[PDB]
Amino acid sequence: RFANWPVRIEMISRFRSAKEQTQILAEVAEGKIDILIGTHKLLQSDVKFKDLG
DNA sequence: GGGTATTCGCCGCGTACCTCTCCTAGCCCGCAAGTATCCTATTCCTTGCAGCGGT
């Protein structure tokens, strides 16, 4: 759906490797991934959003 | 037959007052309260075989 907008969409779960999950968390805390779809991993206290609305 | 004896079972044994304790056993049925297996996250590590520098 968002294939024609400047919006970054990323997925986090156990499927994503341990090497890229940390990268995704760094990107999210930095404030560059505007959509983050995730399972219960999102509630593990290490998922810090820059500006959540 | 019957007069007698013997047994058996029923009935009976004071008044008034004070203190205290305790008045069915057990089953059932439904409440409800506390437990073994199934998926999606998590923290826990210990092996097997090929590259591979290096000489």
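Residues numbered from 1 in each chain as written, not as in the entry; some residues may be left out. Chains lettered and ligands numbered in written order. Part of a larger assembly, values for the part shown. Heavy atoms only, no water.

Per the deposited record, cryo-EM is how this structure was determined, to a resolution of 4.29 Å.

Bringing the overall build of chain A into the picture now. The secondary structure content of chain A amounts to one helix and two strands. Going from the N terminus to the C terminus, chain A shows its helices and strands as β-α-β. Relative to a compact globule of 53 residues, whose C-alpha radius of gyration would be 10 Å, chain A shows 11 Å and is just as compact. The dimensions of chain A, computed from C-alpha atoms along their principal axes, are 30 × 25 × 20 Å. (Helix = DSSP H or I, 4+ residues; strand = E, 2+ residues; numbered from the N terminus. Rg over C-alpha atoms; globule rule 2.2 N^0.38 Å.)

By the definition in use, this model includes four salt bridges. With its nearest N and O atoms 3.7 Å apart, the salt bridge here joins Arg 8 to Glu 27. Residue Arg 8 is located in the segment before β1 (9–12), and its partner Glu 27 is located in helix α1 (residues 18–30); the two are separated by 19 residues in the primary sequence. Looking at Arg 8, the relative accessible area reads 36%, which means it is partly exposed. Accessibility expressed as a relative area gives 17% for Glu 27, which makes it buried. When the shortest N-O distance is used, the salt bridge between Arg 16 and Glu 20 registers 3.8 Å. (Salt bridge = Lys/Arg side-chain N within 4 Å of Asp/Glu carboxyl O. Buried < 20%, exposed > 50% of the residue type's maximum accessible area, 1.4 Å probe, protein only.)

What follows covers the environment of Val 28. Note that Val 28 resides in helix α1. Through-space distance from the C-alpha of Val 28 to that of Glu 10 is 9.2 Å; in sequence the pair is 18 residues apart. Once residues lying within four places of it in the same chain are set aside, the contact partners of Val 28 are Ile 33, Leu 36, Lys 48, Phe 49 and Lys 50. (Contact = heavy atoms within 4.5 Å.)

Lining the immediate environment of DNA strand B, one finds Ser 13, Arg 14, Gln 21, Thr 39, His 40, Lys 41 and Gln 44. Protein-adjacent atoms of DNA strand B, using a 4 Å cutoff, are sugar or phosphate at a proportion of 93%. Between DNA strand B and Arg 14, the relevant distance is 2.7 Å, taken from a phosphate oxygen to a side-chain nitrogen or oxygen of the residue. A distance of 2.8 Å is found between a sugar or linking oxygen of DNA strand B and a side-chain nitrogen or oxygen belonging to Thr 39. The residue makeup of the surface near DNA strand B, split by class, is no nonpolar, five polar and two charged. (Near = heavy atom within 4 Å. Polar contact = N/O pair within 3.5 Å; in protein donor to acceptor, adjacent residues only side chain to side chain. Nonpolar A, V, L, I, M, F, W, Y, C, P; charged D, E, K, R; others polar.)

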